[PDB]
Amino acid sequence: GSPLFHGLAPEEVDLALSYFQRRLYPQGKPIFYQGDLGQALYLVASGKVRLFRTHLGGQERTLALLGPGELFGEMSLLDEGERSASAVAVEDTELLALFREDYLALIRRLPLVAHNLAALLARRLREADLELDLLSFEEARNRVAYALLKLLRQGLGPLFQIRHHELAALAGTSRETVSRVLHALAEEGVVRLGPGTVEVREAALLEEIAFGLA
């Protein structure tokens, strides 16, 4: 069941599908490219589609693998801007295409289709905010160790009155990952934790961990 059709009665789904046109793309055929003039969105009826952007001397960053029921190409449909990504068939693929003029007449009968596009884009923007904030545990570990190292280097230590959040601000990670890292560092016997305190036990081992050789 396509999210584009969420909320619609069975008859209304049938109604909506009647505005679409069938388009076929064999394995490995480009559907469209980033920067192309676009006048339609696509539902995947069968097969598999890959979306990707190109940058950095022609390198590709994959954004999505889409199977049956999934939607793409709605941005050029909506704003008449160029395609924001390339789309290639990775299997023999059947696409149901909805052109801009047919879309305009459809939402006049079923506004919930326009709203469903809005919601999908909202879902995607949320996934994008997450990708901004994301970092591997391993690198988080180095960065948190380095932050602790920085406190060691003020010449007092090795016991610190410090909240996980102040350490997170120091390291540039979230409070949650700082706690995750500190619990792993305590399990390794590198630090000892208490109510509002972090005590470094193994400073040399910590310094090793900060610089990623441990």
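The first residue of the shown sequence is 1; numbering continues from there.
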item	value
Entry-level comparison of average CA B-factors, 139-147 and 118-126, reporting the higher stretch	118-126
Stretch with the higher entry mean CA B-factor, where the candidates are 152-160 and 177-185	152-160
Largest Cα B-factor, entry values, listed residues 31, 63, 170, 37	37
CA B-factor placement of residue 192, once the chain's modelled residues are sorted into thirds	lowest
Lowest, middle or highest third - CA B-factor, residue 106	middle
Ranked C-alpha temperature factor of residue 198 among modelled chain residues, by third	lowest
Entry-reported Cα temperature factor of residue 87, expressed as the chain third it lands in	lowest
Record-listed C-alpha B factor of residue 210: chain third	lowest
